[PDB]
Amino acid sequence: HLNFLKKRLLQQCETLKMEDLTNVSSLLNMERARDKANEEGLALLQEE
Amino acid sequence: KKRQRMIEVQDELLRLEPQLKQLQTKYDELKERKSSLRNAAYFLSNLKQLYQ
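Taken in order, these protein sequences are the chains called Q and U. For reference, each letter of the first sequence is one residue, going 109 to 124, 130 to 161 in PDB author numbering. At position 30 of the second sequence the residue is numbered 344 (PDB author numbering), and the sequence of numbers has no breaks.
Structure, rendered in C-alpha cells:
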C-alpha cells in the first residue's frame, strides 16, 4: 500500500503552501470578521 | 463607504452651516417683519388714530 502511495505521489504531482494557507486563511477570516464589524460601523454611521 | 462618509459629513457640515444661517435669518426675519408692523404700523397708525 506504501508503494502504491508513492505511486499516488508520482501520479498527481506530475499532472496537477498548505500550513501557511491554513494559518493565513484563518487570519484573514477574523480580519474579515473585523471587516464586517467595520462595515456595520461605517454603514450605520453613514446611515445616521 | 468611508469616502462616502467624508462626503456626507462635508454635506453635513455644509448643511449645518446653511441651516444655522437660515435659522438665524428665520429668527431675524420673524422678529423684524412680524413684530415691527404689528408694533410700528399699529402704533404709528394708533398714534395717527390718537392724534389725528
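We put the CB at the ideal spot given by N, CA and C, even for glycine.
query, result
"What is the C-beta distance between Q:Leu-155 and U:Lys-315, in whole angstroms, given that I count them as a contact (C-beta under 8 angstroms)?", "4 angstroms"
"Checking 8 angstroms against the spacing of the C-beta atoms, do U:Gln-318 and Q:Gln-159 come in under that value?", "yes"
"Identify each residue in the region 316 to 333 of chain U for which the Cβ-Cβ distance to at least one residue of chain Q is less than 8 angstroms, and report them in chain order.", "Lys-316, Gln-318, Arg-319, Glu-322"
"I need the DSSP call for Q:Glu-161, collapsed to helix, strand or coil.", "coil"
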